[PDB]
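Shown next as structure tokens: one chain only, the form deposited in one PDB entry.
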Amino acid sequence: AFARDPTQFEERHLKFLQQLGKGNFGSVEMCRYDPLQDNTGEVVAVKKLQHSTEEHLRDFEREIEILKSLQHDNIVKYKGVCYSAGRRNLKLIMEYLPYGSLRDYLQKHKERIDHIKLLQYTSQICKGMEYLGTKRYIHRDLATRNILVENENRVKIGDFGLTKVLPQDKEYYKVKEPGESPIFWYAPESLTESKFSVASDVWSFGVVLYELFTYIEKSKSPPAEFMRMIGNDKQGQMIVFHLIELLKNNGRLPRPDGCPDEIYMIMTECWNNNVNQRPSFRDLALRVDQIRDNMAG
């Protein structure tokens, strides 16, 4: 049976407006749902597959179930599913967030975004991740490209395409054949053992914190910095081999220009090779909110 109500979003009233994002295996479009053909039509975001397969459709159904199960201020809102092509295809309907990805927003508006604002965003991402952990979901793709901006005071985790549910009797998920792997955000045990956990999401959150404090300045991204350290001329698996060796022996992304030492210390604590010594998302949210609260000028 259809996982969701197939009459809620009928394909003939869903009208394409603009492309919002696109990758090799999915895209998000801005559409208008206008069942009354009148001004009573809401703008929505629609995720669809690209280069679909039976495997990818099965994974997409799991992703939709994940998103529908989540209800939190810092997670993008599920609205429904459109069973298009005569109920022989699936598209995911979500709220439209007007300011787009945090990665682009930081670049466009860096001149109005100070440290306390970056820490507000950090707090909100952490709270979304606390919530995901209560469901035993591992996000596996935390990065500013996957955070969305509702307004100047509110961000939300925006995509769950790589999210996995932990098995019942263990605290890690072992990925067999990876698809897209954002290796410059990965914890060392994900690179060396294919193991993903709440603690590897904490590692990647440290990379997100780094990204925020770089303001996505040219040449400061995690891939650009890790490649500068490894050697730009390298290529292929040798890059991964060097990345593993670098991380195992305490090589790390640098402190961004202007970043306070206390915030860099949070990043470095997330980037602990000892999985069990990494802070929890609860620890991080409290620490960041206390930092913000103790600021006044």
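Numbers follow the displayed sequence, beginning with 1. Between two forms, the rigid core is the largest collection of C-alphas that superpose within 1.5 Å.
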Flanks modelled, residue 18 absent in at least a third of other entries: no
Residue 211 dropped in a third or more of the other entries: no
With reference to the PDB entry, specify whether the mean Cα temperature factor is higher for 227-235 or for 266-274. 227-235
Once average C-alpha B-factors are taken from the entry for 34-42 and 64-72, the winner is 34-42
When the entry's CA B-factors for 183, 155, 175, 93 are compared, the highest one belongs to 175
Quick one: classify residue 14 as lowest, middle or highest third of the chain based on its Cα B-factor. highest
Where does the C-alpha B-factor of residue 103 rank in its chain, lowest, middle or highest third? lowest
Going by what the PDB entry lists, where does residue 282 fall on CA B-factor within its chain: lowest, middle or highest third? lowest
Is the Cα B-factor recorded for residue 242 in the lowest, middle or highest third of its chain? middle
Based on the entry's values, in what third of the chain does the Cα temperature factor of residue 80 lie: lowest, middle or highest? middle
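Below, we turn to the form deposited in another entry, even though it does not appear here.
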Could you check which of 135, 87, 170, 174 shows a C-alpha shift of 2 Å or more between the shown form and the other one after a rigid core superposition? 87
With the core lined up, does the C-alpha of residue 250 move 2 Å or more between the shown form and the other one? no
Once the core is aligned, please say if the CA of residue 69 is shifted by at least 2 angstroms between the shown form and the other one. no
Using the core for the fit, does the CA position of residue 235 change by 2 Å or more between the shown form and the other one? no
Answer with closer or farther for the CA-CA spacing of residue 85 and residue 16 in the other form compared to the shown form; it moves by 3 Å or more. farther
